[PDB]
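J.: Task: produce atomic coordinates for the following.
(chains A, B, C, D, E and F, ligands or ions: 4)
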Amino acid sequence: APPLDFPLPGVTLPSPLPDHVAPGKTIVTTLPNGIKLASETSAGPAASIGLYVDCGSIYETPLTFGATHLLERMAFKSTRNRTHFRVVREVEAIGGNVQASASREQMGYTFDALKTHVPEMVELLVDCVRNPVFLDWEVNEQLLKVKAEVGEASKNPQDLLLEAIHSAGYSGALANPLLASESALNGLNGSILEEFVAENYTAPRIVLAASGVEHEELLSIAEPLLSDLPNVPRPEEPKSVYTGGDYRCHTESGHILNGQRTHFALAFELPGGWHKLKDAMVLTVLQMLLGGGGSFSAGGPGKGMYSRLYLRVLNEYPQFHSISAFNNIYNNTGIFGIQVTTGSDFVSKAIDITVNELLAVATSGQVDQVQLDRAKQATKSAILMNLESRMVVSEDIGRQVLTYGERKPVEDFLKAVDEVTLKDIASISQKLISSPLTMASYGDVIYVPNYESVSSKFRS
Amino acid sequence: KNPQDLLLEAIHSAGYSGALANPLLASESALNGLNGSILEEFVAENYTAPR
Amino acid sequence: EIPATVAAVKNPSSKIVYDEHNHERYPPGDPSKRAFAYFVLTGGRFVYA
Amino acid sequence: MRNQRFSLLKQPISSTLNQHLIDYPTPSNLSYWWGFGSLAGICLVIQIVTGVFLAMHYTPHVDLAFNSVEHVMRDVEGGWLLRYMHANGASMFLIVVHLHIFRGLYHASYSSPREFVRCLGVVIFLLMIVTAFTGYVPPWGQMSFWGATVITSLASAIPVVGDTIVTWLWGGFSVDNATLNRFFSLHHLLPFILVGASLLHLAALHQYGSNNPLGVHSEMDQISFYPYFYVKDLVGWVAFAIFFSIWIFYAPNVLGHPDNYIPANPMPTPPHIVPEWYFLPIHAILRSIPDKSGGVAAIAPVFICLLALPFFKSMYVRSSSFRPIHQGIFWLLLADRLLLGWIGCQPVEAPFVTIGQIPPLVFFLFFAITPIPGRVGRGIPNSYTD
Amino acid sequence: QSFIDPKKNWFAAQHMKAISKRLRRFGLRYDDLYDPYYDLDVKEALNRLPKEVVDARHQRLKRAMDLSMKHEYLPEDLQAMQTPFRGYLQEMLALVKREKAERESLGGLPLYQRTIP
Amino acid sequence: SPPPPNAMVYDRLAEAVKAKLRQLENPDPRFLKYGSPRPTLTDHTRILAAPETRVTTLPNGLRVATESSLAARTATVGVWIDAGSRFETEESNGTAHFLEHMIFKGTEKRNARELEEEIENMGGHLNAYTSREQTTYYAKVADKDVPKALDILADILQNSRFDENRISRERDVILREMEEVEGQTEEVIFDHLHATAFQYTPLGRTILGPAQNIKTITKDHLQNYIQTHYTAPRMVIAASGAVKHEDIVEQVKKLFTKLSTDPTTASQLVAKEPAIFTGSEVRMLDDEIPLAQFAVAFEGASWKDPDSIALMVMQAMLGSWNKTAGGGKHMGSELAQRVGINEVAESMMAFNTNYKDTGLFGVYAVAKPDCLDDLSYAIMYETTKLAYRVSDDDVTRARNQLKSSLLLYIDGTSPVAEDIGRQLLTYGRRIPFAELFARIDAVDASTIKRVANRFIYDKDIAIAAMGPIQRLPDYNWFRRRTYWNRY
Ligand SMILES: CCCCCCCCCCCCCCCCCC(=O)OC[C@H](COP(=O)(O)OCCN)OC(=O)CCCCCCCCCCCCCCCCC
Ligand code: HEM
Ligand code: HEM
Ligand SMILES: [Zn+2]
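T.: Numbers count the residues shown, from 1 in each chain, chains lettered A, B, ... in the order given. Ligands and ions are numbered 1, 2, ... in the order given. Structure as follows:
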């Protein structure tokens, strides 16, 4: 064989594609039993097939706490038709990846490979989801693994603080922890998981999302397998009412002399969720407007090193470790807040600065036109650059068909983005500030201020 | 195993803020910080005649 | 002053000095000498047989 | 645990050999004075094989023994090679063990925690001496007869039990056929006990590891045994084989007395009776005393001192490199021991009586002096400190 | 097989009666005679069963061994309350061996190998 | 008289176990129609269609390549340069990384803040990264902003100016970032491996360089580096997404001037000072660390060497393993099965690096100080059984895995532009997917054995270890284990 600088002689080259290829349209189809099949055509040689379920952390009665973490962990294992050995062998034989994820509202199973293996991908994924047999010894091994994981999960302060916020600020169903607790890790077994799956994996809560597949072939493959599931009315969604609270817990006292930093956060609540599209998009634009920083990051300049938070805090008080704003839009409910890290000698000052900054955002007339235009451009550019990968488009189709029932074209989101103005962000921020405060802290608790006095610094 | 003393120490921590808020049953950081010289200096300073 | 044993860990230089008091090294670039080793050792394995 | 097998060399079948031969940790600065234990093991194996093949052609009777040895040498294919290997390998075996002992004396290997090893070594030495002396008889020459007579009649010097034990040992009234057959059976038996004692000796050493030319703690820098000391042992073995074969093929009678080619004749006595070259120090110490009881009971202090060296408990530095005075005493003891060896092969008159009576005094002043350096030097850090 | 079946053959019935009698004497089941040192598949089958079943097996083995040491047999009433040939191990053993075969077909390595004695 | 099979606490549980095992047995054919665990080779000629890569060489030697797709909404524009830390002079060792850091401040027409606020107001961002042989500066933008981004790139590359205060600030920040990187102890492993395998050559050095050298990195040196190593023939401009080749080429031809016309290529600078593999070890014993980490490396191929595909297949068939993976102990390869069944390591990953005229090939495991002997035995045993007894199923599975990986990694505009640029510097041409495949499925068991017996069997090694490695076998153990006496 010649060196790679000289072409191989006996190859056959399929003809190329035109420089302009009109993109396809999403074709959504529902079976009589409620099973929704969605698909979209793509140009790359790769596919991506997902399977999304409406179950999640909120559907969790106290006798089955911690079930979602294991349901993630027992992802692609011994089914009723093949072993775990055979599943791993099939996946490695075609050369595909496989992954599963679980969050507070919806389950996600994904599987991607090259585009000539579509029937095998569909069949294997549907089998691993629809006919799982939970074997006691495999579940026990997974339980040992999660015990070792949770015992050492105190190396991420960020997610721990976010969980503390979401636990203190709520009272209803949405207050459960997605990560499990040692009680759950000593209460879970195969029967519990099997009953949970049987109860929650009904037909009207499952949608197939594909990224690079013709609709007719995928429908032909997946019609004989999913059409047999019985139809059943969907249970009514649980509820949680926002209730301002406070959380505190000191670190293990073997790590205080090391000068461990102080961490805390603030929070608020939005009456709207994802059904109020304009409010959610305004909230996204506001979050991109606030931005943040890390004092250590080395990524792209376009991350927002000329945002409000960075310039007006870190370049003005260098004592900070890290400031950043976060939000988590849910269905019918939203959240916003700020997380800050600093040593044990600037805490109450940090609270004062952050509450001042929130109220500065609240009052009308404090935002420049350049600021709003830059935030709008950054938000739309981020959305469009996010939509490049096939994984993102499959996940987007699945999540949207779950939530709204139909896919909303990107043009609609861009139009709603362009409608943003100063009065709209002002009114929305007024609605943010009109809600009771949620707070939590970590590290050296003995210095963080009281809840009531800080709460009085705000409005009602 | 002794929740009563635990609650008493928690009360003396939360309800107070001055010297009376100091811990009596110690924590691990000071334990990693203690040695002979610290105890020697403590005794030398605080075990005086008038007391 | 920094320890001698830690200055050699965070300084991955590539200029290494061995101890030539007993064994000299071939100049860098020269081939190996595995074949000559087998050559020398067979002459004794014959005798032992 | 390792729920599936990795190596044959770590399986239960080969665990013992692996752990005690292949992966065993040894100091990395052992010199060539540490090969003589293995070399002596090979010497013992050579003796056993050669003897098992000589004993297929030898008849233990007074009428036949001499003629059967000569039949072996003259009429069996290669039999001269067997006899020469045996009669010279005894000498090689004694040479190697003497060098081993003096190595142990130099770097002070008897001290804690290695006194069980020293005591087992002394027992092994006694077994070696008995075996060689019993086996020098079966050819039934002149020196065989008269050496047996002198040495085994030296046991009637003891009080009242003397004549009884001598007569019971001889199986009769004089050294004759019964003694010959008895000694043959004992000679065939003792070397297997020697093998067992050697294996026990090695286990006792392996339960603490070896010393080193420095005499310090050595647990921070160790290397395995294979291939690093296997090749050094190989060098030693090949040099030893060259030496052994120079003895066998070009000078096989230099290390013996000519009188053993004359069949035993109880009436005439040889004019100068001596045992082999490796019993002459004991023989000189034994004849150094003008008294039978004293002469016999002067050997006992030799073995008592050799067996009681390890139990002095004040010396703190082992190797003689950092001990000038003990080093000089070591060399002077070596010279004196050679002088005893040379004296043990001379007629007993002037000027050899004084030179045979003083070297025993020096040989005992060695085992008396050494604790005095122990004490006088235990307090050395306090005087020379900076 | 045909003749191994008890209900047709007529010895096989005598063989079954003899074995059941010999097992009822010492109060243990036929699946107790299997040994985790023989196969290493019995080890896995017993490593997958629930804890209560293995514990009952251990208690039965200890009872039988004490009886054999003392040179005596269970009383007639506890010999009436016996039931050998009530298995707890055959299906799990078949599962483990079938998985072993299927893994042998497709390359792979064994999951546990015996030591060389 | 005996209790019914539900009258005791253990009989009930036994019956439940048997019931579940009966539930597990009988399968459904309609789910067993398309899948099969036995690997077979496929024909992917129906999907490899891609837009054509159009390459244009300007009369200055410069190359412009694109991949024009007019349906997208974002574009990537960048510059790939044939330079790195290999082509320095033993006195200016960290200059490449320093130049990369300081390139984003100068441009006397535009001060730093105004440039950064342009790009943040533009909606896109530009990154950079350097290595021993390839530096890069590229930007992601929207479709309407491509001319603006290309103008920014040309200005920052051509009209850069340096100032002393910025130099001091950069010097201190780079000392800080050197102190930041010594804490993840894997780039340390590979820096020491690269510094022991190639001692007394250019490839032995490190991209960041000494501190005693960053002390004296004054401006004239940066100017000399720019005027010496950024030459027109050695540069490549690439773009992907919603662009057109003619527009880019005309804008480039109009904009890229004032470049130094040095008639020097990489061929002369690598023809002298070649890369020789020596074979040695470095052992760093600490013993206050909980975990040990080491890598053992053979020598590899080059970019144009016809055996790189075989080495890639070998690396695929010696795959990686981690304690959080879903594969577990059924993971296809052999070394992964050993490491996972016997719980001997934390993680491991077969690696493969290619340079022009040399390469590397190794394992890199992580483990506790109690299991190092079994780990090393399994590693070397499998590495050599490669050259003795390769099987057909393993090779077919490795070929399938390599195809799938090499295509799934090309996803998005930035990966596509990176692909085009790097394949125009390493090969001199971008190989279509059809030729990649036609070369990959032409590597069967015989070729695996041949290349393995050329590269692995009875050759010198280089090792580097860190941590509690007092129980790691010595050099001679590894060196002898590279051949078998059974065969
Ligand atoms: C020719 C006629 C011969 C007749 C016999 C003559 C014997 C003369 C011997 C004189 C030498 C004195 C011997 C004294 C032995 C005990 C002395 C001693 O110190 O033992 C104590 C010591 C441990 O005690 P320690 O810790 O020091 O005291 C604690 C205080 N709180 O204990 C230890 O340290 C343990 C050391 C054990 C190693 C020695 C074991 C005995 C020697 C082994 C040789 C016997 C093997 C024979 C094999 C064949 C048997 C027939
Ligand atoms: C058949 C006779 C003997 C055999 C086979 C033998 C064998 C050995 C071997 C193999 C060793 C360990 C390896 C080495 O250190 O070289 C050893 C150690 C030792 N032997 Fe012997 N030996 C014998 C006789 C003796 C005698 C007679 C003495 C003392 C009177 C003695 C004293 C010692 C000592 C002190 C050591 C300690 C080694 C050290 O300090 O490291 N041995 N022996
Ligand atoms: C199983 C072990 C042994 C057997 C069967 C054996 C056998 C014999 C035989 C049959 C003889 C008489 C043949 C002759 O003298 O030429 C003899 C002589 C002799 N044996 Fe051994 N022997 C063994 C071990 C030993 C050992 C271990 C030693 C010394 C440590 C030794 C030392 C001697 C000596 C010195 C002679 C004298 C030969 C002479 O000087 O001519 N033997 N042996
Ligand atoms: Zn950098």
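
J.: Could you use CA atoms for every contact and neighbour count after this?
T.: Noted.

J.: Name the residue closest to the centre of chain F, please.
T.: Centroid-nearest residue in chain F, with CA atoms, centre = their mean: residue F:353, separated by 7.0 Å.

J.: again with chain A
T.: residue A:103 (6.7 Å).

J.: just checking, that residue touches residue A:56?
T.: Yes. Under the criterion of CA atoms under 8 Å, residue A:103 makes contact with residue A:56 at 6.2 Å.

J.: is any part of the lengthiest helix in chain D close to ligand 1?
T.: Counting residues, the longest helix found in chain D (DSSP state H) is helix D:177-206. No. Shown here: helix D:177-206 not in contact with ligand 1 (CA under 6 Å from any ligand atom), separated by at least 7.7 Å.

J.: So which elements touch that helix?
T.: helix D:115-135, helix D:162-170 (3 or more CA pairs under 8 Å, 6 or more residues apart in numbering or on different chains; DSSP states H and E).

J.: now that helix against helix D:162-170, angle please.
T.: Angle, helix D:177-206 to helix D:162-170, by axes from the mean of the first three to the mean of the last three CA atoms, to 10 degrees: 90 degrees.

J.: Work out the gap between the following helix or strand past helix D:177-206 and the centre of the chain.
T.: Using DSSP states H and E, the helix or strand that directly follows helix D:177-206 along the chain is strand D:222-223. With CA atoms, centre = their mean, to the nearest Å as the basis, strand D:222-223 stands 30 Å off its chain's centre.

J.: For the residue positioned nearest the centre of chain E, list the residues it contacts.
T.: Centroid-nearest residue in chain E: residue E:31, 1.3 Å away (criterion: CA atoms, centre = their mean). Contact analysis of residue E:31 by CA atoms under 8 Å, 6 or more residues apart in numbering or on different chains lists E:85, E:87-89.

J.: What residues does the residue nearest to the centre of chain A make contact with?
T.: So residue A:103 contacts A:56-57, A:178 (CA under 8 Å, 6+ apart).

J.: From chain F, how far out is it?
T.: 19 Å (CA to the nearest CA, to the nearest Å).

J.: who's in contact with the residue in the stretch 251-400 of chain F that ligand 3 sits nearest to?
T.: Nearest to ligand 3 in the stretch 251-400 of chain F, going by CA to the nearest ligand atom, is residue F:373, at a distance of 41.9 Å. Residues counted as contacts of residue F:373 (CA under 8 Å, 6+ apart) are F:471-473.

J.: pretty sure residue D:15 is in contact with residue D:7, am I right?
T.: No. Between residue D:15 and residue D:7 there is no contact under CA under 8 Å: 10.6 Å.

J.: By proximity to chain F, which residue of chain C wins?
T.: residue C:14 (4.8 Å; CA to the nearest CA).

J.: how many other residues sit next to that residue?
T.: 22 (other CA atoms under 10 Å in any protein chain shown).

J.: Please apply the same query to residue C:48.
T.: Residues near residue C:48, counting by other CA under 10 Å: 7.

J.: Repeat that for residue A:407.
T.: For residue A:407, using other CA under 10 Å, the count is 18.

J.: From chain D, how far out is residue A:5?
T.: Per CA to the nearest CA, residue A:5 is found 44 Å from chain D.

J.: Residue A:25 now?
T.: Between residue A:25 and chain D the computed distance is 55 Å (CA to the nearest CA).

J.: Residue A:119: which element?
T.: helix A:118-130.

J.: now that helix: how far from the chain's centre is it?
T.: That offset, for helix A:118-130, works out to 24 Å (CA atoms, centre = their mean).

J.: And stretch A:274-287, by the same measure?
T.: Centre to centre, stretch against its chain (CA atoms, centre = their mean), the figure for stretch A:274-287 is 16 Å.

J.: closest point of chain E to ligand 1, which residue?
T.: For chain E, CA to the nearest ligand atom, closest residue to ligand 1: residue E:117, 32.3 Å.

J.: Quick one: residues contacting that residue.
T.: Residue E:117 makes contacts with D:11-13, as judged by CA under 8 Å, 6+ apart.

J.: switch to 6 Å and redo it
T.: Neighbouring residues of residue E:117 by CA atoms under 6 Å, 6 or more residues apart in numbering or on different chains: residue D:13.

J.: Good, wrapping up.
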